[PDB]
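Student: One structure follows; several queries about it will come next.
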Amino acid sequence: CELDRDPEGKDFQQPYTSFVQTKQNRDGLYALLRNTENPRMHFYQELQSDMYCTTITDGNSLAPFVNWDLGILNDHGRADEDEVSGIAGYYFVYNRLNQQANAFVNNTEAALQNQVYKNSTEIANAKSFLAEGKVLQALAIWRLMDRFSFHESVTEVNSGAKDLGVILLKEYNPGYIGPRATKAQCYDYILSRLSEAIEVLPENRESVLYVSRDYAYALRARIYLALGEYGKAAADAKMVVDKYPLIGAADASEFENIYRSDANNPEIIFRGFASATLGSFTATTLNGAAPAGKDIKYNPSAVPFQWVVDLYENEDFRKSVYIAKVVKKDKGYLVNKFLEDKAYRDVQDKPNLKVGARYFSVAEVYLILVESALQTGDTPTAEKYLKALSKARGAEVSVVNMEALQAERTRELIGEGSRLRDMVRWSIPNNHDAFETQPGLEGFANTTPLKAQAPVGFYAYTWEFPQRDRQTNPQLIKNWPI
Amino acid sequence: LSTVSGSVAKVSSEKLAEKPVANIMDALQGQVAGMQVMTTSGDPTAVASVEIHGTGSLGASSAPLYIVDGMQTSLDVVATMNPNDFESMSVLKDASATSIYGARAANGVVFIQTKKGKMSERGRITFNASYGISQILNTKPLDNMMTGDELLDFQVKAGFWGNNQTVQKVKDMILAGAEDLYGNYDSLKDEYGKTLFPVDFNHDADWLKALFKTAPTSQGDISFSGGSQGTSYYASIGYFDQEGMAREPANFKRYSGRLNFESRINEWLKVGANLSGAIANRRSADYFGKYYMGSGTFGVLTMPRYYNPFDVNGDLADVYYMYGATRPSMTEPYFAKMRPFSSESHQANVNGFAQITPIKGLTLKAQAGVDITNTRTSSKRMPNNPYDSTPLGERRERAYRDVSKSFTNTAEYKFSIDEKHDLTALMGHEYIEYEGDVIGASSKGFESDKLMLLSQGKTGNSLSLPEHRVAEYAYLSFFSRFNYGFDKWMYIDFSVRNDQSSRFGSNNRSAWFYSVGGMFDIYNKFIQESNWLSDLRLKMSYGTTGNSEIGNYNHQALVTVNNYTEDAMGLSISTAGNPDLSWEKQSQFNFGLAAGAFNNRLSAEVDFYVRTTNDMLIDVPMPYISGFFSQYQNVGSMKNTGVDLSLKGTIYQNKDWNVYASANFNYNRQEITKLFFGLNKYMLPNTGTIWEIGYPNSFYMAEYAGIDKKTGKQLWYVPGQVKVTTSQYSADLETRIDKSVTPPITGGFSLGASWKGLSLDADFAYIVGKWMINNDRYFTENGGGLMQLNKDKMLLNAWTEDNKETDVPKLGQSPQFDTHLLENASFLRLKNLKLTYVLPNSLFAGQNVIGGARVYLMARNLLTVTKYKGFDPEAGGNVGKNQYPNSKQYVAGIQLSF
Amino acid sequence: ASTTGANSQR
């Protein structure tokens with residue numbers, strides 16, 4: 001009686017014997033990344049910024065983030081075989097990305113040292129798959145650092161944590177239960193992973209669906225910027241900023257058709273693969289969309305304060321695409337950046353509001369070069385690239401002077417999880433209790449006070465660690481006092 | 001069947017027959033001492049949670065092994081059988097008594113014996129039929145929810161509808177919004193204001209009636225029993241249909257047949273079969289236990305009463321309105337017509353046996369059977385309905401297959417070496433196999449009711465991957481069992497066995513288990529006769545047992561496909577792994593005593609027990625840095641100490657007047673002893689419970705203190721400080737609370753009086769020490785969030801400067817999950833009341849066709865004494881959400897005998 | 001339309 005049973009649709013873990021086994025595992029890494037560096041995952045930190053008020057429709061999904069309900073944000077999220085959502089989710093997806101990028105990076109390095117490949121053409125490509133795995137680790141550890149390590153500006157913290165990064169693990173080890181690495185460890189792992197990869201990746205990008213040198217340049221520049229290293233961010237900026245041109249639109253409809261097309265947006269540096277049948281997801285949290293026949297109706301759960309609407313000139317193509325006056329049919333604006341890519345519609349005629357995961361677009365690089373150039377005294381190229389970005393958007397900017405940077409960035413990066421970080425570094429308090437709500441939306445978008453204030457350096461600009469990781473690892477030091 | 005020394009409770013025909021629910025374990029709540037059954041959903045299709053002598057484990061199931069006539073079958077397959085075909089249930093609750101079962105006999109075993117034909121001369125046919133209705137059993141939850149304009153008022157004054165708005169300004173807006181929404185659908189545009197008032201501030205919509213109904217239960221049954229010689233037959237056909245009282249559709253109907261047969265062929269051989277099958281249709285309310293706006297008991301409490309799901313004739317509309325909605329919202333019946341669902345199960349249960357007797361004393365018994373389930377399920381999303389996102393329809397067909405075979409053959413030698421030494425030897429073999437399989441395909445894009453074949457869907461971006469899942473397991477085991485009996489007063493039982501499970505790797509799938517036991521007949525040896533003591537026996541047992549109820553594939557370290565594009569395959573790591581995962585090794589010391597009083601008209605049986613789970617199968621949670629969720633490991637330990645006693649006796653005054661009572665009790669203290677990763681405690685995140693080494697599975701929250709009369713703020717006690725309060729809640733204010741999650745007291749009682757054909761039976765059940773978090777009240781009682789939903793009438797009283805003398809806080813602050821939600825879910829329940837009348841004997845002589853008839857009136861679940869503020873106190877473990885309460889049943893029934 | 005508010009899970 002042989003009573004081994006082995007599960008169908010599963011294979012045993014083994015080391016990489018062939019090049020075809022390696023390539024297949026690199027895809028699973030990129031699949032993983034697609035539900036991780038995913039716009040759904042960055043909405044939580046998008047909604048926690050100073051830009052949104054909750055509507056009467058919300059069912060306490062976005063309220064903990066908009067109104068700073070610290071009693072809910074503490075344990076926020078889930079991460080089981082039913083739902084991966086919230087803070088706990090953001091945490092869990094980036095760790096799996098890192099762990100699984102661990103076993104890929106380490107198993108390619110093993111195969112190379114065991115000379116298993118059949119010629120130098122495989123060897124050369126697998127040494128290049130190796131650099132990609134490295135960038136994914138740096139992204140995974142950086143995204144974990146963006147949200148669970150403190151800025152230098154924070155005041156009160158649990159004792160010990162102001163200098164801690166996240167738990168750094170450079171090995172594929174599921175049983176690992178260690179302590180938090182230091183800040184300079186985590187950032188030196190991120191930057192050196194990226195440096196070791198920028199050496200190997202070829203000057204010209206081979207696929208917009210995979211890691212390239214152009215991407216790692218940009219992701220690195222994003223990271224330097226949030227590190228205050230203004231001069232160093234501007235150098236990675238300049239290496240890619242000129243290879244991706246801005247959307248050529250005459251009105252806002254030519255703009256929306258191009259921007260919303262994953263396939264035809266010349267600004268997309270690195271995106272996740274999407275079809276209607278694989279890799280497309282709905283991201284209808286910000287916009288509240290639902291199909292109605294051939295149409296789209298909206299019931300949002302949160303909407304911008306008036307000052308966000310008033311950021312956009314009326315001739316700004318983003319003012320009908322990034323935000324859209326389609327709340328209460330035509331009375332107020334919502335954030336509509338992630339509305340749909342029509343290419344993912346099951347039937348041309350009918351919307352299903354599916355989009356793909358974008359990972360870096362040259363618009364962000366324009367804004368990183370512009371901000372950094374202002375700080376390092378380079379006005380000529382600080383104003384060149386900001387006027388360039390706003391004129392392409394139909395509302396070229398009056399004066400270029402950092403005050404101007406903050407608006408244009410806020411406009412362009414809206415919806416992308418970027419504003420909350422910008423206010424920490426720009427030393428802006430929340431000031432949500434005093435913003436005017438959109439008047440056209442009276443009775444649907446009302447003011448709701450903060451359940452807890454968030455002044456400069458408030459500890460809750462940084463998320464606490466998930467209570468799973470705290471309860472199973474007494475050697476984990478918490479972020480929040482007491 | 002079971003040992004002279006094992007703890008054994010046996011339940012009779014009557015506790016099992018004629019029950020308006022297909023979950024027969026509910027019919028045992030409060031009947032077996034130490035057996036704690038609890039059904040947490042009134043959904044017809046739900047199955048109870050039996051646990052003998054505590055929770056056996058923190059990761060493997062603690063459900064008893066179920067056996068019907070020799071073959072392990074799931075509660076699901078037992079549900080498709082006719083329980084009028086059940087002769088008796090025997091509960092085996094110690095290692096001595098459960099020694100010849102495997103898989104998981106560490107949880108006790110429930111053995112169900114179907115009736116065989118009585119070796120009668122005429123042979124009895126017997127006919128049963130009953131009708132009755134289901135209701136909800138508690139209404140008290142909506143006695144104190146705000147009324148319509150009570151809630152309007154609360155909101156307006158709370159600023160939820162904006163600042164400086166009057167009540168009428170607001171109702172002007174809500175009626176405005178229903179008029180323009182309804183005005184866009186041809187099916188509504190000139191019915192709003194004539195026949196539809198979705199918004200109505202002058203009548204409160206009865207949201208209980210919207211989502212719950214009275215529903216029927218119907219069952220009937222004929223059964224021919226008899227046989228005569230060496231052969232016996234028991235055959236029955238039957239019908240059952242229980243419709244679910246939630247208006248969200250749910251039902252369990254079965255069409256049943258069974259034939260039991262035994263025949264002596266000659267002085268050496270006896271063969272026999274029991275054959276059972278059924279066509280069964282089940283459907284379940286799948287939105288319960290989640291928080292969805294207008295459904296379930298959460299719906300019936302939280303829907304603002306100025307929202308009307310009804311029309312103008314009091315009937316339920318197709319669709320209701322909620323402000324902001326972009327679509328009218330389908331009501332529960334109209335959702336059902338638009339989301340149809342059906343499923344047919346063909347259930348087969350074949351079991352034979354052979355009993356060769358070659359020479360005096362030995363009995364070779366070979367037994368085998370299959371347990372095939374082919375289930376076929378259909379689901380649609382009906383096209384052209386204007387309250388959907390698209391006019392295009394979808395259809396999903398699935399097919400399921402479960403085949404589980406098991407052979408289990410024995411050789412048994414009984415002999416005697418004197419007049420005072422009885423010996424019995426028996427050893428046996430058993431192979432258990434299970435092969436399961438699930439296949440499903442679906443299409444979309446349909447544009448016609450009549451053109452909805454799967455093969456007719458759109459093809460392109462509308463195509464899907466099929467659904468496909470397979471699962472198999474297997475068990476190989478060799479067992480032995482001996483019986484020594486000296487002078488018929490001293491009896492010893494010994495057993496050794498080895499079990500091997502497919503669920504563990506090759507190097508760890510075997511395990512050895514043993515048991516010793518002795519029964520000592522104190523009455524018949526040390527006291528030949530007493531004028532009041534009738535029977536006195538002392539039993540005692542020690543033994544070890546296996547527990548294997550976990551996944552089928554939980555040790556391998558595996559890869560699955562995770563494709564990135566469409567032209568190449570992709571591969572990710574799937575499971576963490578435990579090459580050493582193996583059996584959970586449980587241990588039982590049981591000291592029992594049974595006593596018989598007067599003239600065997602008064603019995604007692606007390607048992608003290610010590611249940612130990614070592615090598616415990618924990619599905620250990622893993623830190624998220626690991627990139628996994630779980631991985632089973634043999635990690636940790638646990639203890640279950642307790643007592644269970646049961647006693648019964650008879651009270652005649654007239655002999656032609658029987659009065660008989662019965663009582664049933666267990667207490668059980670639980671102790672986790674060893675955890676994982678050196679941990680002393682592990683709180684289970686966002687569950688409000690905690691595993692801590694010293695104590696049992698307990699709740700873990702902050703002690704809510706009340707409010708600061710000065711500020712209106714909520715206060716919690718700060719643990720350890722002196723008593724110290726705070727307005728600043730933090731997760732580090734939580735502490736272990738001396739309340740257990742598995743309820744420690746299980747019990748029941750049942751009375752009976754019989755006059756002369758007329759008799760009354762009532763069965764009670766209780767579960768004290770139960771505690772539950774009322775997740776529902778997290779919504780109904782707060783004034784800081786979810787301001788759409790109806791609230792409890794206590795928030796009209798909330799602290800403000802001028803109304804500063806309350807214990808309900810100021811509005812604007814959300815509640816934390818603290819003790820204010822820990823409710824005492826203890827309950828006594830009247831499990832069934834039955835008045836029955838068997839027609840007199842002299843009413844039949846003269847008509848030689850009918851021999852008797854019986855009529856009965858009957859109620860299930862009418863009395864529920866409890867302090868719990870949420871419908872059913874049984875409907876939950878640690879939390880109680882949008883519950884489907886257990887039902888209350890009234891049934892009248894008939895029986896015929898020919 | 002679901003109200004997560006808080007789902008203390010079972």
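We name chains A, B, ... following the order of the structure tokens; residues begin at 1 in each chain, and ligands are numbered from 1 as shown.
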Could you name the residues that touch residue 679 in chain B at 12 Å or less, counting only C-alpha atoms, but leaving out those on the same chain fewer than 2 positions away, as a PDB file with C-alpha atoms, in the first residue's frame?
Tutor:
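For reference, selection.pdb as written:
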ATOM      1  CA  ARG A 470       4.300  41.894  16.969  1.00  0.00           C
ATOM      2  CA  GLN A 471       2.574  39.009  18.754  1.00  0.00           C
ATOM      3  CA  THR A 472       4.672  36.240  17.196  1.00  0.00           C
ATOM      4  CA  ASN A 473       7.970  38.124  17.660  1.00  0.00           C
ATOM      5  CA  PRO A 474       8.511  39.686  21.110  1.00  0.00           C
ATOM      6  CA  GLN A 475      11.839  40.908  19.714  1.00  0.00           C
TER       7      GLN A 475
ATOM      8  CA  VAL B 620       1.149  28.090  13.592  1.00  0.00           C
ATOM      9  CA  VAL B 635       4.201  22.247  18.217  1.00  0.00           C
ATOM     10  CA  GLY B 636       2.812  22.970  21.668  1.00  0.00           C
ATOM     11  CA  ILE B 672      -2.700  25.362  27.264  1.00  0.00           C
ATOM     12  CA  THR B 673       0.741  24.283  28.484  1.00  0.00           C
ATOM     13  CA  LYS B 674       3.275  24.879  25.676  1.00  0.00           C
ATOM     14  CA  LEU B 675       3.022  27.197  22.637  1.00  0.00           C
ATOM     15  CA  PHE B 676       5.447  27.908  19.748  1.00  0.00           C
ATOM     16  CA  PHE B 677       8.681  29.893  19.381  1.00  0.00           C
ATOM     17  CA  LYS B 681       1.434  34.076  25.101  1.00  0.00           C
ATOM     18  CA  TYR B 682       0.179  34.648  21.605  1.00  0.00           C
ATOM     19  CA  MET B 683      -2.795  36.954  21.171  1.00  0.00           C
ATOM     20  CA  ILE B 690      -5.342  34.933  23.514  1.00  0.00           C
ATOM     21  CA  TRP B 691      -3.273  31.766  23.960  1.00  0.00           C
ATOM     22  CA  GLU B 692      -1.194  32.127  27.129  1.00  0.00           C
ATOM     23  CA  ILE B 693       0.620  29.224  28.730  1.00  0.00           C
ATOM     24  CA  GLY B 694      -0.680  29.478  32.278  1.00  0.00           C
TER      25      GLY B 694
END
Student: Should the cut-off be 7 Å, what would the residue list for chain C against chain B look like, counting only C-alpha atoms, as a PyMOL selection string?
Tutor: chain C and resi 1-4+8-10
Student: Export, as an mmCIF file, in the first residue's frame, the selected residues with C-alpha atoms.
Tutor:
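The file below, selection_8.cif, is the result:
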data_model
loop_
_atom_site.group_PDB
_atom_site.id
_atom_site.type_symbol
_atom_site.label_atom_id
_atom_site.label_comp_id
_atom_site.auth_asym_id
_atom_site.auth_seq_id
_atom_site.Cartn_x
_atom_site.Cartn_y
_atom_site.Cartn_z
ATOM 1 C CA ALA C 1 -22.043 47.837 -0.204
ATOM 2 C CA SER C 2 -20.389 46.482 2.942
ATOM 3 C CA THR C 3 -19.630 48.336 6.166
ATOM 4 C CA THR C 4 -16.234 47.172 7.343
ATOM 5 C CA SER C 8 -13.486 41.326 14.693
ATOM 6 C CA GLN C 9 -13.012 38.003 12.920
ATOM 7 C CA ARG C 10 -14.114 34.687 14.403
#
Student: Taking 5 positions as the minimum chain separation for residues in the same chain, which residues sit within 9 Å of residue 433 in chain A when counting only C-alpha atoms? Answer as a VMD selection string.
Tutor: chain A and resid 447 to 450 453
Student: Go ahead and save the picked residues with N, CA and C atoms, as a tab-separated table (two decimals), in the first residue's frame.
Tutor:
chain	number	residue	atom	x	y	z
A	447	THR	N	-18.37	67.92	6.41
A	447	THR	CA	-17.11	67.95	7.14
A	447	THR	C	-17.22	66.93	8.27
A	448	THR	N	-16.13	66.20	8.54
A	448	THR	CA	-16.06	65.29	9.67
A	448	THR	C	-14.76	65.60	10.39
A	449	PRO	N	-14.79	65.92	11.67
A	449	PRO	CA	-13.56	66.32	12.33
A	449	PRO	C	-12.65	65.13	12.47
A	450	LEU	N	-11.37	65.42	12.69
A	450	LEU	CA	-10.37	64.39	13.01
A	450	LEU	C	-10.72	63.73	14.33
A	453	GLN	N	-5.78	64.64	16.01
A	453	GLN	CA	-5.01	65.60	15.24
A	453	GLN	C	-3.69	64.99	14.80
Student: With a cut-off of 7 Å, could you pull out the residues of chain A touching chain B and give me the nearest pair of atoms for each, distance in Å to one decimal, using only C-alpha atoms, ordered by chain and ascending number, as CSV?
Tutor:
residue,atom,partner,partner_atom,distance
A:3,CA,B:502,CA,5.3
A:4,CA,B:502,CA,5.4
A:5,CA,B:502,CA,5.9
A:6,CA,B:553,CA,6.8
A:7,CA,B:553,CA,6.1
A:8,CA,B:470,CA,6.4
A:9,CA,B:560,CA,6.5
A:10,CA,B:560,CA,5.0
A:11,CA,B:559,CA,5.1
A:12,CA,B:558,CA,4.6
A:13,CA,B:558,CA,5.3
A:24,CA,B:570,CA,4.3
A:25,CA,B:571,CA,4.6
A:27,CA,B:570,CA,4.7
A:28,CA,B:571,CA,4.5
A:29,CA,B:572,CA,6.7
A:30,CA,B:564,CA,6.2
A:31,CA,B:564,CA,4.7
A:56,CA,B:788,CA,6.9
A:57,CA,B:324,CA,6.7
A:59,CA,B:786,CA,6.0
A:60,CA,B:786,CA,6.3
A:71,CA,B:816,CA,6.6
A:80,CA,B:629,CA,6.3
A:92,CA,B:624,CA,5.4
A:95,CA,B:625,CA,5.1
A:96,CA,B:627,CA,3.7
A:99,CA,B:627,CA,5.9
A:173,CA,B:626,CA,6.9
A:174,CA,B:626,CA,4.5
A:175,CA,B:626,CA,6.6
A:176,CA,B:626,CA,6.5
A:273,CA,B:565,CA,6.2
A:276,CA,B:461,CA,5.6
A:277,CA,B:461,CA,6.2
A:290,CA,B:389,CA,7.0
A:291,CA,B:389,CA,4.9
A:292,CA,B:389,CA,4.8
A:293,CA,B:390,CA,4.9
A:297,CA,B:326,CA,6.2
A:298,CA,B:326,CA,6.7
A:299,CA,B:324,CA,6.4
A:345,CA,B:461,CA,6.9
A:346,CA,B:461,CA,4.3
A:347,CA,B:461,CA,6.9
A:442,CA,B:162,CA,6.7
A:443,CA,B:161,CA,5.1
A:446,CA,B:162,CA,5.1
A:451,CA,B:813,CA,6.6
A:467,CA,B:685,CA,5.9
A:468,CA,B:685,CA,5.9
A:469,CA,B:623,CA,4.7
A:471,CA,B:682,CA,5.7
A:472,CA,B:623,CA,6.3
Student: Using N, CA and C atoms, can you write the selected residues to a file as a short mmCIF file (atom, residue, chain, number, x, y, z; two decimals), in the first residue's frame?
Tutor:
data_model
loop_
_atom_site.label_atom_id
_atom_site.label_comp_id
_atom_site.auth_asym_id
_atom_site.auth_seq_id
_atom_site.Cartn_x
_atom_site.Cartn_y
_atom_site.Cartn_z
N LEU A 3 0.74 4.87 0.29
CA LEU A 3 -0.22 5.88 0.70
C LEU A 3 0.30 7.30 0.63
N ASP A 4 1.44 7.54 -0.02
CA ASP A 4 1.73 8.89 -0.49
C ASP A 4 0.55 9.39 -1.30
N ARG A 5 0.05 10.58 -0.94
CA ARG A 5 -0.76 11.40 -1.84
C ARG A 5 -0.01 12.70 -2.07
N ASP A 6 0.05 13.12 -3.33
CA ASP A 6 0.69 14.37 -3.69
C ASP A 6 -0.31 15.29 -4.36
N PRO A 7 -0.23 16.59 -4.12
CA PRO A 7 -1.33 17.46 -4.53
C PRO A 7 -1.25 17.75 -6.01
N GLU A 8 -2.41 17.72 -6.66
CA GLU A 8 -2.45 18.03 -8.07
C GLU A 8 -2.25 19.53 -8.22
N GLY A 9 -1.66 19.94 -9.34
CA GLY A 9 -1.37 21.35 -9.52
C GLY A 9 -0.28 21.92 -8.63
N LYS A 10 0.49 21.07 -7.95
CA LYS A 10 1.65 21.51 -7.18
C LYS A 10 2.84 20.71 -7.62
N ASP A 11 4.01 21.34 -7.62
CA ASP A 11 5.29 20.65 -7.80
C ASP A 11 6.20 20.94 -6.61
N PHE A 12 7.14 20.01 -6.40
CA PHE A 12 8.07 20.10 -5.28
C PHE A 12 9.11 21.18 -5.52
N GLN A 13 9.47 21.90 -4.46
CA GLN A 13 10.54 22.88 -4.57
C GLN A 13 11.86 22.15 -4.74
N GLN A 24 10.81 30.87 -15.76
CA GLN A 24 9.47 30.64 -15.22
C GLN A 24 9.33 31.17 -13.81
N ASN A 25 10.39 31.11 -13.01
CA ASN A 25 10.32 31.63 -11.65
C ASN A 25 10.41 33.15 -11.59
N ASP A 27 8.98 35.05 -13.72
CA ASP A 27 7.63 35.51 -13.99
C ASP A 27 6.79 35.50 -12.73
N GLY A 28 6.81 34.38 -12.00
CA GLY A 28 6.11 34.34 -10.72
C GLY A 28 6.53 35.47 -9.80
N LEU A 29 7.77 35.92 -9.94
CA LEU A 29 8.15 37.07 -9.16
C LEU A 29 7.42 38.28 -9.69
N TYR A 30 7.41 38.46 -11.01
CA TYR A 30 6.73 39.61 -11.60
C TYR A 30 5.22 39.55 -11.44
N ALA A 31 4.64 38.36 -11.42
CA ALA A 31 3.22 38.25 -11.09
C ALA A 31 2.98 38.74 -9.67
N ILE A 56 -21.19 60.62 2.97
CA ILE A 56 -22.17 59.85 3.70
C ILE A 56 -22.22 58.38 3.27
N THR A 57 -21.63 58.04 2.12
CA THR A 57 -21.78 56.69 1.55
C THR A 57 -20.82 55.68 2.19
N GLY A 59 -18.60 53.23 4.44
CA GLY A 59 -19.06 52.32 5.47
C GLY A 59 -17.93 52.05 6.42
N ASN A 60 -17.21 53.12 6.79
CA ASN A 60 -16.02 53.07 7.65
C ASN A 60 -14.85 52.32 7.02
N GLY A 71 -7.55 54.41 16.79
CA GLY A 71 -8.03 53.14 17.33
C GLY A 71 -8.28 52.08 16.27
N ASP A 80 -4.95 37.04 5.32
CA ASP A 80 -5.18 35.60 5.32
C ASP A 80 -5.61 35.07 3.95
N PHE A 92 2.15 42.72 4.11
CA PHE A 92 2.36 41.32 3.75
C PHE A 92 2.78 41.16 2.29
N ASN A 95 6.52 41.93 1.81
CA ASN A 95 7.40 40.93 2.40
C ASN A 95 7.48 39.67 1.54
N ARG A 96 6.34 39.16 1.09
CA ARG A 96 6.33 38.08 0.12
C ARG A 96 7.11 38.44 -1.14
N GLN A 99 10.72 38.10 0.19
CA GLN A 99 11.03 36.69 0.40
C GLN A 99 11.13 35.94 -0.93
N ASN A 173 14.13 32.67 3.67
CA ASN A 173 14.02 31.88 4.89
C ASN A 173 12.63 32.09 5.49
N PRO A 174 11.70 31.17 5.24
CA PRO A 174 10.34 31.32 5.78
C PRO A 174 10.28 31.28 7.30
N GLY A 175 11.14 30.49 7.94
CA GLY A 175 11.12 30.38 9.38
C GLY A 175 11.76 31.52 10.14
N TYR A 176 12.26 32.53 9.42
CA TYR A 176 13.02 33.62 10.03
C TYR A 176 12.14 34.47 10.93
N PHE A 273 2.11 43.48 -16.54
CA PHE A 273 1.31 42.93 -17.61
C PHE A 273 -0.18 42.89 -17.26
N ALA A 276 -7.54 41.55 -20.41
CA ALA A 276 -8.83 41.47 -19.73
C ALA A 276 -8.94 40.20 -18.90
N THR A 277 -8.27 39.13 -19.32
CA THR A 277 -8.37 37.83 -18.67
C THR A 277 -7.19 37.49 -17.75
N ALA A 290 -19.28 52.30 -10.97
CA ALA A 290 -19.98 51.06 -11.25
C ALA A 290 -20.51 51.19 -12.65
N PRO A 291 -20.63 50.10 -13.39
CA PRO A 291 -21.21 50.19 -14.72
C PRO A 291 -22.71 50.37 -14.62
N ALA A 292 -23.25 51.06 -15.61
CA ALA A 292 -24.69 51.07 -15.85
C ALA A 292 -24.80 50.96 -17.37
N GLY A 293 -25.08 49.76 -17.84
CA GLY A 293 -25.23 49.56 -19.27
C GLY A 293 -24.00 50.02 -20.02
N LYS A 297 -21.66 55.31 -13.69
CA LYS A 297 -22.20 56.07 -12.58
C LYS A 297 -21.23 55.96 -11.40
N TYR A 298 -21.26 56.96 -10.52
CA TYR A 298 -20.33 57.07 -9.41
C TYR A 298 -21.06 57.29 -8.09
N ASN A 299 -20.70 56.52 -7.06
CA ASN A 299 -21.08 56.80 -5.67
C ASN A 299 -19.80 56.69 -4.84
N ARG A 345 -11.83 45.79 -21.31
CA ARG A 345 -13.26 45.58 -21.27
C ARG A 345 -13.65 44.28 -21.97
N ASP A 346 -14.44 43.45 -21.28
CA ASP A 346 -14.89 42.20 -21.88
C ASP A 346 -15.60 42.45 -23.20
N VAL A 347 -16.38 43.52 -23.27
CA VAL A 347 -17.11 43.90 -24.47
C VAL A 347 -16.89 45.39 -24.68
N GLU A 442 -22.75 69.74 -0.89
CA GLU A 442 -23.39 69.86 0.42
C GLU A 442 -24.48 68.81 0.63
N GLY A 443 -24.38 68.09 1.74
CA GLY A 443 -25.38 67.12 2.13
C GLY A 443 -25.04 65.70 1.78
N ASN A 446 -19.94 66.08 3.68
CA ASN A 446 -19.93 67.03 4.79
C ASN A 446 -18.58 66.97 5.51
N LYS A 451 -10.56 62.42 14.36
CA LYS A 451 -10.66 61.72 15.63
C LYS A 451 -9.37 61.88 16.42
N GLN A 467 -0.16 43.57 13.97
CA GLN A 467 -0.17 42.92 15.27
C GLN A 467 0.18 41.44 15.17
N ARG A 468 0.06 40.85 13.98
CA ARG A 468 0.61 39.52 13.77
C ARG A 468 2.12 39.51 14.03
N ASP A 469 2.86 40.36 13.32
CA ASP A 469 4.31 40.40 13.46
C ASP A 469 4.76 40.80 14.87
N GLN A 471 3.01 39.99 17.77
CA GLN A 471 2.57 39.01 18.75
C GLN A 471 3.39 37.73 18.68
N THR A 472 3.92 37.44 17.49
CA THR A 472 4.67 36.24 17.20
C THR A 472 6.17 36.48 17.35
#
Student: List every residue of chain A that has an atom at most 10 Å from any atom of chain C, giving for each one its closest atom pair and the distance in Å to one decimal, counting only C-alpha atoms, sorted by chain and then by ascending residue number, as a Markdown table.
Tutor:
| residue | atom | partner | partner_atom | distance |
| --- | --- | --- | --- | --- |
| A:57 | CA | C:1 | CA | 9.0 |
| A:58 | CA | C:3 | CA | 7.6 |
| A:59 | CA | C:3 | CA | 4.1 |
| A:60 | CA | C:5 | CA | 4.5 |
| A:61 | CA | C:4 | CA | 5.7 |
| A:62 | CA | C:5 | CA | 9.3 |
| A:63 | CA | C:5 | CA | 8.7 |
| A:64 | CA | C:5 | CA | 8.7 |
| A:72 | CA | C:6 | CA | 7.8 |
| A:76 | CA | C:6 | CA | 9.4 |
| A:77 | CA | C:6 | CA | 9.9 |
| A:78 | CA | C:9 | CA | 9.9 |
Student: List the neighbours of residue 111 in chain A out to 10 Å using only C-alpha atoms; skip same-chain residues closer than 3 positions along the sequence, and give me the result as JSON, numbers by chain.
Tutor: {"A": [15, 16, 17, 18, 19, 22, 106, 107, 108, 114, 115, 116, 117, 123, 126]}
Student: Near range 383-395 of chain A, within 7 Å and counting only C-alpha atoms, which residues show up once chain neighbours fewer than 6 positions away are dropped, as an NGL selection string?
Tutor: :A and (246-248 or 313 or 315-318 or 366 or 370)
Student: In Å, with one decimal, what is the gap from CA of residue 6 in chain B to CA of residue 669 in chain B?
Tutor: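 Between CA of residue 6 in chain B and CA of residue 669 in chain B the gap is 21.1 Å.
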Student: Skip residue 195 in chain A itself and residues of its chain fewer than 2 positions away, then list as a VMD selection string all residues within 12 Å of it, counting only C-alpha atoms.
Tutor: chain A and resid 131 to 132 134 to 135 138 187 to 193 197 to 201 213 216 to 217 219 to 221 236
Student: What's the 8 Å shell around residue 370 in chain B, counting only C-alpha atoms, without same-chain residues fewer than 6 positions away, as JSON, numbers by chain?
Tutor: {"B": [348, 349, 350, 351, 403, 404, 405, 406]}
